[PDB]
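coords.cif follows (mmCIF, N, CA, C and O atoms and all ligand atoms):
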```
data_upload
#
loop_
_atom_site.label_atom_id
_atom_site.label_comp_id
_atom_site.auth_asym_id
_atom_site.auth_seq_id
_atom_site.Cartn_x
_atom_site.Cartn_y
_atom_site.Cartn_z
N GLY A 7 0.81 -1.21 0.00
CA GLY A 7 0.00 0.00 0.00
C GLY A 7 0.84 1.26 0.00
O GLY A 7 1.14 1.82 -1.06
N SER A 8 1.23 1.71 1.19
CA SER A 8 2.04 2.92 1.32
C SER A 8 2.70 2.98 2.69
O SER A 8 2.06 2.77 3.72
N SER A 9 4.00 3.26 2.70
CA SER A 9 4.76 3.35 3.95
C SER A 9 4.50 4.68 4.65
O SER A 9 4.32 5.71 4.01
N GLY A 10 4.48 4.64 5.98
CA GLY A 10 4.25 5.85 6.75
C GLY A 10 5.07 7.02 6.25
O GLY A 10 6.29 7.04 6.39
N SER A 11 4.39 8.01 5.67
CA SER A 11 5.06 9.19 5.15
C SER A 11 4.46 10.47 5.73
O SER A 11 3.25 10.67 5.68
N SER A 12 5.31 11.32 6.29
CA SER A 12 4.86 12.57 6.89
C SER A 12 5.69 13.74 6.37
O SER A 12 6.91 13.77 6.52
N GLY A 13 5.01 14.71 5.76
CA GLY A 13 5.69 15.88 5.23
C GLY A 13 6.89 15.51 4.37
O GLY A 13 8.04 15.64 4.78
N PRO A 14 6.62 15.02 3.15
CA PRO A 14 7.67 14.62 2.21
C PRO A 14 8.45 15.81 1.67
O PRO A 14 8.25 16.95 2.11
N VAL A 15 9.34 15.55 0.72
CA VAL A 15 10.15 16.60 0.12
C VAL A 15 9.87 16.73 -1.37
O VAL A 15 9.69 15.73 -2.07
N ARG A 16 9.83 17.97 -1.86
CA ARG A 16 9.57 18.23 -3.27
C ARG A 16 10.32 17.23 -4.15
O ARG A 16 11.39 16.75 -3.79
N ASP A 17 9.75 16.94 -5.32
CA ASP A 17 10.37 16.01 -6.25
C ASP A 17 11.01 16.75 -7.42
O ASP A 17 12.20 16.60 -7.69
N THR A 18 10.21 17.56 -8.11
CA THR A 18 10.70 18.33 -9.25
C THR A 18 11.26 19.67 -8.81
O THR A 18 10.59 20.70 -8.90
N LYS A 19 12.50 19.66 -8.32
CA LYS A 19 13.15 20.88 -7.87
C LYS A 19 13.99 21.50 -8.98
O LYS A 19 13.97 22.72 -9.18
N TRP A 20 14.72 20.66 -9.71
CA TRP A 20 15.56 21.13 -10.81
C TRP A 20 14.86 20.93 -12.15
O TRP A 20 15.51 20.75 -13.18
N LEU A 21 13.53 20.96 -12.13
CA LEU A 21 12.75 20.78 -13.35
C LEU A 21 11.64 21.82 -13.44
O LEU A 21 10.53 21.53 -13.88
N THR A 22 11.94 23.04 -13.01
CA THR A 22 10.97 24.13 -13.04
C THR A 22 11.50 25.32 -13.83
O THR A 22 12.72 25.52 -13.94
N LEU A 23 10.59 26.11 -14.39
CA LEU A 23 10.97 27.29 -15.17
C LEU A 23 9.92 28.39 -15.04
O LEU A 23 8.72 28.12 -15.06
N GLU A 24 10.38 29.62 -14.91
CA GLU A 24 9.49 30.77 -14.78
C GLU A 24 8.70 30.99 -16.07
O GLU A 24 9.26 31.39 -17.09
N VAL A 25 7.40 30.73 -16.01
CA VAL A 25 6.53 30.90 -17.18
C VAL A 25 6.56 32.34 -17.67
O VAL A 25 6.39 33.28 -16.89
N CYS A 26 6.76 32.51 -18.97
CA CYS A 26 6.80 33.84 -19.57
C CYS A 26 5.59 34.66 -19.16
O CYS A 26 4.45 34.29 -19.44
N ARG A 27 5.83 35.79 -18.49
CA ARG A 27 4.76 36.66 -18.04
C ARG A 27 3.85 37.05 -19.20
O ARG A 27 2.64 36.86 -19.14
N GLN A 28 4.45 37.60 -20.26
CA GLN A 28 3.69 38.02 -21.43
C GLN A 28 2.84 36.87 -21.96
O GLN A 28 1.64 37.03 -22.19
N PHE A 29 3.47 35.72 -22.17
CA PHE A 29 2.76 34.54 -22.67
C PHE A 29 1.42 34.37 -21.98
O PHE A 29 0.38 34.24 -22.63
N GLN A 30 1.44 34.37 -20.65
CA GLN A 30 0.23 34.21 -19.86
C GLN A 30 -0.82 35.25 -20.26
O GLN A 30 -1.95 34.90 -20.62
N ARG A 31 -0.44 36.52 -20.21
CA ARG A 31 -1.35 37.60 -20.57
C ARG A 31 -1.79 37.49 -22.03
O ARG A 31 -2.87 37.92 -22.40
N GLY A 32 -0.93 36.90 -22.85
CA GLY A 32 -1.24 36.73 -24.26
C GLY A 32 -0.68 37.86 -25.11
O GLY A 32 -1.31 38.29 -26.08
N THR A 33 0.51 38.33 -24.75
CA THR A 33 1.15 39.41 -25.49
C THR A 33 2.60 39.07 -25.81
O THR A 33 3.47 39.94 -25.81
N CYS A 34 2.86 37.80 -26.10
CA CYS A 34 4.20 37.34 -26.42
C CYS A 34 4.26 36.80 -27.85
O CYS A 34 3.98 35.62 -28.09
N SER A 35 4.62 37.66 -28.79
CA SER A 35 4.71 37.28 -30.19
C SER A 35 6.06 36.64 -30.50
O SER A 35 6.57 36.74 -31.61
N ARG A 36 6.64 36.00 -29.49
CA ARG A 36 7.94 35.35 -29.65
C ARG A 36 7.81 33.84 -29.48
O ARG A 36 7.26 33.36 -28.49
N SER A 37 8.33 33.09 -30.45
CA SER A 37 8.28 31.63 -30.40
C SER A 37 9.07 31.09 -29.22
O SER A 37 9.59 31.86 -28.40
N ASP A 38 9.17 29.77 -29.13
CA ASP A 38 9.90 29.12 -28.05
C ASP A 38 11.40 29.25 -28.26
O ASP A 38 12.17 29.36 -27.31
N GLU A 39 11.82 29.22 -29.53
CA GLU A 39 13.24 29.33 -29.87
C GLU A 39 13.68 30.79 -29.90
O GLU A 39 14.87 31.08 -30.00
N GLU A 40 12.71 31.70 -29.82
CA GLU A 40 13.00 33.13 -29.85
C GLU A 40 12.97 33.71 -28.44
O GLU A 40 13.92 34.38 -28.01
N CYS A 41 11.88 33.46 -27.73
CA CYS A 41 11.73 33.97 -26.37
C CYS A 41 12.60 33.18 -25.39
O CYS A 41 12.70 31.95 -25.49
N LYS A 42 13.22 33.88 -24.45
CA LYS A 42 14.08 33.25 -23.46
C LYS A 42 13.25 32.71 -22.30
O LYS A 42 13.69 32.73 -21.15
N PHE A 43 12.05 32.21 -22.60
CA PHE A 43 11.17 31.67 -21.58
C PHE A 43 10.46 30.41 -22.09
O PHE A 43 10.53 30.09 -23.28
N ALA A 44 9.79 29.71 -21.19
CA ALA A 44 9.07 28.49 -21.55
C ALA A 44 7.58 28.76 -21.72
O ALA A 44 6.93 29.32 -20.83
N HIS A 45 7.04 28.37 -22.87
CA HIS A 45 5.63 28.58 -23.16
C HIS A 45 4.90 27.24 -23.28
O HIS A 45 4.84 26.63 -24.34
N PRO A 46 4.34 26.77 -22.15
CA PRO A 46 3.60 25.50 -22.10
C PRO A 46 2.28 25.57 -22.86
O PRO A 46 1.54 26.55 -22.77
N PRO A 47 1.97 24.50 -23.61
CA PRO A 47 0.74 24.41 -24.40
C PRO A 47 -0.50 24.27 -23.51
O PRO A 47 -0.39 24.20 -22.29
N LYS A 48 -1.67 24.21 -24.14
CA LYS A 48 -2.92 24.07 -23.41
C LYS A 48 -3.03 22.68 -22.78
O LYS A 48 -3.51 22.54 -21.66
N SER A 49 -2.58 21.67 -23.51
CA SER A 49 -2.62 20.30 -23.02
C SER A 49 -1.75 20.13 -21.78
O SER A 49 -2.14 19.49 -20.81
N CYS A 50 -0.55 20.71 -21.83
CA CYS A 50 0.38 20.63 -20.71
C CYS A 50 -0.14 21.40 -19.50
O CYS A 50 -0.55 22.55 -19.62
N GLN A 51 -0.14 20.74 -18.35
CA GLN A 51 -0.62 21.36 -17.12
C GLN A 51 0.35 22.45 -16.64
O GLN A 51 1.54 22.19 -16.46
N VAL A 52 -0.18 23.65 -16.45
CA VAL A 52 0.64 24.77 -15.99
C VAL A 52 0.49 24.99 -14.49
O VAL A 52 -0.63 25.02 -13.97
N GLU A 53 1.62 25.14 -13.80
CA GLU A 53 1.61 25.35 -12.36
C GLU A 53 1.37 26.82 -12.03
O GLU A 53 1.50 27.69 -12.88
N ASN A 54 1.01 27.08 -10.78
CA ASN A 54 0.75 28.44 -10.33
C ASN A 54 1.94 29.35 -10.62
O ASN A 54 2.97 29.27 -9.96
N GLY A 55 1.78 30.22 -11.61
CA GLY A 55 2.85 31.13 -11.98
C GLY A 55 4.14 30.41 -12.32
O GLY A 55 5.21 31.01 -12.35
N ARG A 56 4.03 29.11 -12.58
CA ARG A 56 5.20 28.30 -12.92
C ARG A 56 4.79 27.07 -13.72
O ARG A 56 3.61 26.72 -13.79
N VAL A 57 5.77 26.41 -14.33
CA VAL A 57 5.51 25.21 -15.12
C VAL A 57 6.66 24.21 -14.99
O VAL A 57 7.83 24.59 -14.94
N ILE A 58 6.31 22.93 -14.95
CA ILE A 58 7.31 21.87 -14.83
C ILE A 58 7.77 21.40 -16.20
O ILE A 58 6.96 21.15 -17.09
N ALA A 59 9.09 21.28 -16.36
CA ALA A 59 9.66 20.83 -17.63
C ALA A 59 9.70 19.31 -17.71
O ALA A 59 10.05 18.64 -16.74
N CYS A 60 9.33 18.78 -18.87
CA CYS A 60 9.32 17.33 -19.07
C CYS A 60 10.70 16.74 -18.83
O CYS A 60 11.72 17.41 -18.97
N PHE A 61 10.73 15.46 -18.45
CA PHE A 61 11.99 14.77 -18.18
C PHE A 61 12.59 14.22 -19.47
O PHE A 61 13.70 14.58 -19.86
N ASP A 62 11.85 13.33 -20.13
CA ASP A 62 12.31 12.72 -21.37
C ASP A 62 12.72 13.79 -22.38
O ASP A 62 13.74 13.66 -23.06
N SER A 63 11.93 14.85 -22.46
CA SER A 63 12.20 15.94 -23.39
C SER A 63 13.67 16.35 -23.33
O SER A 63 14.33 16.50 -24.36
N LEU A 64 14.18 16.53 -22.12
CA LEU A 64 15.57 16.92 -21.92
C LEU A 64 16.50 16.06 -22.76
O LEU A 64 17.52 16.54 -23.26
N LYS A 65 16.14 14.79 -22.92
CA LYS A 65 16.94 13.86 -23.71
C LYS A 65 16.82 14.16 -25.20
O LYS A 65 17.74 13.90 -25.97
N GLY A 66 15.68 14.72 -25.59
CA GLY A 66 15.45 15.05 -26.99
C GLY A 66 14.39 14.17 -27.63
O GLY A 66 13.88 14.49 -28.70
N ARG A 67 14.06 13.07 -26.97
CA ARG A 67 13.05 12.15 -27.48
C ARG A 67 12.03 11.80 -26.40
O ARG A 67 12.32 11.04 -25.48
N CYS A 68 10.83 12.36 -26.53
CA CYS A 68 9.77 12.12 -25.56
C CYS A 68 8.79 11.07 -26.09
O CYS A 68 8.62 10.93 -27.30
N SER A 69 8.15 10.35 -25.18
CA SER A 69 7.19 9.32 -25.55
C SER A 69 5.79 9.69 -25.07
O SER A 69 4.81 9.54 -25.80
N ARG A 70 5.70 10.16 -23.83
CA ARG A 70 4.42 10.55 -23.25
C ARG A 70 3.51 11.18 -24.30
O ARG A 70 3.76 12.29 -24.76
N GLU A 71 2.45 10.46 -24.67
CA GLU A 71 1.51 10.95 -25.67
C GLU A 71 0.88 12.27 -25.22
O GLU A 71 1.01 13.29 -25.90
N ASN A 72 0.20 12.24 -24.08
CA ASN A 72 -0.45 13.43 -23.54
C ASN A 72 0.44 14.12 -22.51
O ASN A 72 -0.04 14.66 -21.52
N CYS A 73 1.75 14.09 -22.75
CA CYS A 73 2.71 14.71 -21.84
C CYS A 73 2.13 15.98 -21.23
O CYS A 73 1.71 16.89 -21.94
N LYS A 74 2.12 16.03 -19.90
CA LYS A 74 1.59 17.19 -19.18
C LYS A 74 2.68 18.24 -18.98
O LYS A 74 2.39 19.41 -18.76
N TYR A 75 3.93 17.81 -19.05
CA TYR A 75 5.07 18.71 -18.87
C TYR A 75 5.49 19.32 -20.20
O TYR A 75 5.46 18.66 -21.24
N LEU A 76 5.88 20.59 -20.16
CA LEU A 76 6.31 21.30 -21.36
C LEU A 76 7.77 20.98 -21.69
O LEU A 76 8.56 20.64 -20.80
N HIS A 77 8.12 21.08 -22.96
CA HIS A 77 9.48 20.81 -23.41
C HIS A 77 10.24 22.11 -23.69
O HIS A 77 10.10 22.72 -24.75
N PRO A 78 11.05 22.54 -22.71
CA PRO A 78 11.84 23.76 -22.83
C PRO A 78 12.97 23.63 -23.85
O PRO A 78 13.53 22.56 -24.06
N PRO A 79 13.31 24.76 -24.50
CA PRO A 79 14.38 24.79 -25.51
C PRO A 79 15.76 24.60 -24.90
O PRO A 79 15.94 24.72 -23.69
N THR A 80 16.74 24.30 -25.75
CA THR A 80 18.11 24.10 -25.29
C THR A 80 18.63 25.32 -24.54
O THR A 80 19.04 25.22 -23.38
N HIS A 81 18.62 26.47 -25.21
CA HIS A 81 19.09 27.71 -24.61
C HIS A 81 18.52 27.87 -23.20
O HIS A 81 19.07 28.62 -22.38
N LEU A 82 17.43 27.18 -22.92
CA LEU A 82 16.79 27.25 -21.61
C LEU A 82 17.23 26.09 -20.73
O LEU A 82 17.42 26.25 -19.52
N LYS A 83 17.38 24.91 -21.33
CA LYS A 83 17.81 23.72 -20.60
C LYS A 83 18.94 24.06 -19.63
O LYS A 83 18.94 23.61 -18.48
N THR A 84 19.90 24.84 -20.10
CA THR A 84 21.04 25.23 -19.28
C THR A 84 20.58 25.77 -17.93
O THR A 84 21.03 25.30 -16.88
N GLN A 85 19.68 26.75 -17.96
CA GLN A 85 19.16 27.35 -16.73
C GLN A 85 18.91 26.28 -15.67
O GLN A 85 19.39 26.38 -14.55
N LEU A 86 18.13 25.26 -16.04
CA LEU A 86 17.81 24.18 -15.12
C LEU A 86 19.06 23.67 -14.41
O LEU A 86 19.03 23.35 -13.22
N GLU A 87 20.17 23.61 -15.14
CA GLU A 87 21.43 23.15 -14.58
C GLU A 87 22.02 24.19 -13.63
O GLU A 87 22.43 23.86 -12.52
N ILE A 88 22.06 25.44 -14.08
CA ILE A 88 22.59 26.52 -13.27
C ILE A 88 22.14 26.40 -11.82
O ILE A 88 22.94 26.55 -10.90
N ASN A 89 20.85 26.14 -11.63
CA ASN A 89 20.29 26.00 -10.29
C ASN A 89 20.54 27.26 -9.46
O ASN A 89 20.99 27.18 -8.32
N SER A 90 20.23 28.41 -10.05
CA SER A 90 20.42 29.69 -9.37
C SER A 90 20.11 29.56 -7.88
O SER A 90 19.01 29.16 -7.49
N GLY A 91 21.09 29.89 -7.05
CA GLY A 91 20.91 29.81 -5.61
C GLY A 91 22.04 29.07 -4.92
O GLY A 91 21.97 27.87 -4.67
N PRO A 92 23.12 29.81 -4.60
CA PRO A 92 24.29 29.24 -3.94
C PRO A 92 24.01 28.85 -2.49
O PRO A 92 23.16 29.45 -1.83
N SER A 93 24.73 27.85 -2.00
CA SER A 93 24.55 27.38 -0.63
C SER A 93 25.35 28.24 0.35
O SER A 93 26.56 28.39 0.21
N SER A 94 24.66 28.80 1.33
CA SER A 94 25.30 29.65 2.33
C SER A 94 25.59 28.86 3.60
O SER A 94 25.39 29.36 4.71
N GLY A 95 26.07 27.63 3.43
CA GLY A 95 26.38 26.80 4.58
C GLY A 95 26.51 25.33 4.21
O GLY A 95 26.40 24.48 5.09
ZN ZN A 101 7.53 34.75 -24.11
ZN ZN A 102 7.40 15.11 -22.75
#
```
This entry written out as structure tokens:
Amino acid sequence: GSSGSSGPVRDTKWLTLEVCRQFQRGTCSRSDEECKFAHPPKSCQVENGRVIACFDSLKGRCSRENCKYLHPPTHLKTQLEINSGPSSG
């Protein structure tokens, strides 16, 4: 069934991207390869002011038919690695 779990820890920490502000409002005439942001489709589930990037996509070949996660561009993939936020201890 399920092992006793209390207050777990986030899973997709290095798989998030700031959703293009304009895109949301609907004023972003820039494609995915043009805009330095991630623009998730209607099918893909969008998080509150944020969106989760697909896993397989990162590899370049996705299978998930109704993939809920958006596929961010290469120029963006790097960001995920950067992991902005140095450890102060
Ligand atoms: Zn945009
Ligand atoms: Zn995918």
Quick one: which chain A residues come within 6 Å of ligand ZN 101 (chain A), and what is the nearest atom pair for each with the distance in Å to one decimal, counting only C-alpha atoms and all ligand atoms, rows ordered by chain and ascending number, as JSON lines?
```
{"residue": "A:26", "atom": "CA", "partner": "A:ZN101", "partner_atom": "ZN", "distance": 4.7}
{"residue": "A:28", "atom": "CA", "partner": "A:ZN101", "partner_atom": "ZN", "distance": 5.7}
{"residue": "A:29", "atom": "CA", "partner": "A:ZN101", "partner_atom": "ZN", "distance": 5.0}
{"residue": "A:34", "atom": "CA", "partner": "A:ZN101", "partner_atom": "ZN", "distance": 4.8}
{"residue": "A:36", "atom": "CA", "partner": "A:ZN101", "partner_atom": "ZN", "distance": 5.6}
{"residue": "A:41", "atom": "CA", "partner": "A:ZN101", "partner_atom": "ZN", "distance": 4.8}
{"residue": "A:43", "atom": "CA", "partner": "A:ZN101", "partner_atom": "ZN", "distance": 5.4}
```
**Request:** Can you list, as number ranges by chain, all residues belonging to chain A that DSSP tags as strand (DSSP E or B)?
**Result:** A: 22-23, 25, 44, 53, 56-59, 76
Given a cut-off of 5 Å, what residues near ligand ZN 102 (chain A) show up using only N, CA, C and O atoms and all ligand atoms, put as a short mmCIF file (atom, residue, chain, number, x, y, z; two decimals) with N, CA, C and O atoms, keeping the file's coordinate frame?
```
data_model
loop_
_atom_site.label_atom_id
_atom_site.label_comp_id
_atom_site.auth_asym_id
_atom_site.auth_seq_id
_atom_site.Cartn_x
_atom_site.Cartn_y
_atom_site.Cartn_z
N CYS A 60 9.33 18.78 -18.87
CA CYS A 60 9.32 17.33 -19.07
C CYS A 60 10.70 16.74 -18.83
O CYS A 60 11.72 17.41 -18.97
N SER A 63 11.93 14.85 -22.46
CA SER A 63 12.20 15.94 -23.39
C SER A 63 13.67 16.35 -23.33
O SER A 63 14.33 16.50 -24.36
N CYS A 68 10.83 12.36 -26.53
CA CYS A 68 9.77 12.12 -25.56
C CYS A 68 8.79 11.07 -26.09
O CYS A 68 8.62 10.93 -27.30
N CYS A 73 1.75 14.09 -22.75
CA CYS A 73 2.71 14.71 -21.84
C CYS A 73 2.13 15.98 -21.23
O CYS A 73 1.71 16.89 -21.94
N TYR A 75 3.93 17.81 -19.05
CA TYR A 75 5.07 18.71 -18.87
C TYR A 75 5.49 19.32 -20.20
O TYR A 75 5.46 18.66 -21.24
#
```
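The closest residue to residue 57 (chain A), picked from A:86, A:11, A:94, A:23 and counting all atoms listed in the file, is A:23.
Between residue 38 (chain A) and the residues A:16, A:72, A:88, A:82, the shortest atom-to-atom distance, using all atoms listed in the file, involves A:82.
Distances from A:69, A:37, A:7, A:87 to residue 21 (chain A) were compared using all atoms listed in the file, and the smallest one belongs to A:87.
When only N, CA, C and O atoms are used to compute distances to residue 19 (chain A), the closest of the residues A:89, A:54, A:42, A:78 turns out to be A:89.
Interatomic distance, atom O of residue 51 (chain A) to atom O of residue 91 (chain A): 24.3 Å.
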**Fill in**
Expressed in Å, the length from CA of residue 55 (chain A) to CA of residue 18 (chain A) is 15.3 Å
